[PDB]
């Protein structure tokens, strides 16, 4: 039986004083969760771990999220810490950024659970999602067994939650805003205040108008604007014709309709449960979704296109008949461009935007680190920038680099926008940059930020962003950014070109959710 290795010293910890197997975990049943915060499957099992953490609240048991990074941005401890906050992780987390623990145990995928005994022997090793009951069973067995031997110690752990270390988390008006939308005719900005579980509506200068989902708790409720609840929502799309806001309500696996004419919120598809349905076609909320991350609206045929980050697909909600179908993507996580939906594949797509023609849709394909164009007529896709165009299986061709074709390198882009002039704006998220893509030339240029996570409101080329993920634009040319880990809405007036500077949009009247 494998004896788990000790954690190396000068491995940083979050949510806790540094732990080790010989001093603090001796006498505990431990689940090692090998994860990385860019993995939607890693995200998919956090609620499994929350289940076990609550079930075994006052038993000698602990989850340790061994964060083994995929992307290079993910080795920075402050990146993981923002993820730990965004994801509501409260168990111990250690940044094993060079995968020492990963390799020593033989971990192959994300996520992968290693269950360790009070003595330090590895008694089970499970990979993949959908193993809540399997883990529930091992931990039960281990507990009632090693408790029979009387080798368990229920001394507390040196718990120091990161969310209890920051005064401003409660204070800031916005908590990790991710996605944006705009109503230029009536001059309104739509903010996905993700980790406040609400939707904030202001004016293009920054002035509060109305708040949808007022209690700020995580929940899943339809009804009035004060009674509604979301769960860390992400993408938004605005229906000018009917004065509606569509919400990709990611952690409820649902599509919500914010109805401003009637001041109510109603659910269009999904039901709070992560589906595993790859064809779809059912009506309204009979149809399950899976981590809808971005949503955009096509007003001619009245179609809502959903970037289904959970299943690597683009889906299509139809306003006329309330049906949600797969639109493109066969289900495998690949950077596979093909003529037909079934011969096409995405990699955790998280951003979707319609071109001015209304005939293509550009996709932030975060896990292949590429921008792609989905053909609305054929359900097929083409590669614009990034990715490994010779290997669809390759999901590790990332970096930071401007240019054309193979010269381009990105890193987990989350956000994409198509201006009415038909140029493409993206947030290279792990590079903390805004970048511009031209669809014809396929040339990508850095437009803002230095590549270094932080905050600074300077002249764009030396200014700073922290993991930006959302975009919206005016015809005047002001480009709003959702600067996520800075919990700020920036903006760039694009007219000024090489003279231009990124600013912060000060919000007037926007207060955090009552506690």
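Positions refer to the first chain, counted from 1.
### Task
Look up the CA B-factors in the entry and say which stretch, 458-466 or 41-49, has the higher mean.
Of 458-466 and 41-49, the stretch with the higher C-alpha B-factor average is 458-466.
### 80-88 versus 136-144 - greater average Cα B-factor per the deposited record
Higher mean C-alpha B-factor in the PDB entry: 136-144.
### Query
Which has the highest CA B-factor per the PDB entry: 282, 372, 442, 274?
Among 282, 372, 442, 274, the PDB entry lists the largest C-alpha B-factor for 442.
### Task
Among 358, 181, 414, 126, single out the one with the highest C-alpha B factor in the record, please.
Most elevated C-alpha B-factor of the set, per the entry: 358.
### Query
Compared with the other modelled residues in the chain, in which third is the CA B-factor of residue 293?
For residue 293, whose C-alpha B-factor we compare with every modelled residue in the chain, the answer is the lowest third.
### Query
Which third, lowest, middle or highest, does the CA B-factor of residue 208 fall in along this chain?
It belongs to the highest third of the chain when residues are ordered by C-alpha B-factor.
### Message
Per the entry's values, where does residue 34 land by CA temperature factor relative to the rest of its chain, in the lowest, middle or highest third?
### Response
Within its chain, residue 34 is a lowest-third residue by C-alpha B-factor, going by the deposited values.
### Task
Would you mind checking where the Cα B-factor of residue 27 ranks among the modelled residues of its chain, as the lowest, middle or highest third?
It falls in the middle third of the chain.
### Query
Would the CA B-factor of residue 232 place it in the lowest, middle or highest third of its chain?
Bottom third by C-alpha B-factor.
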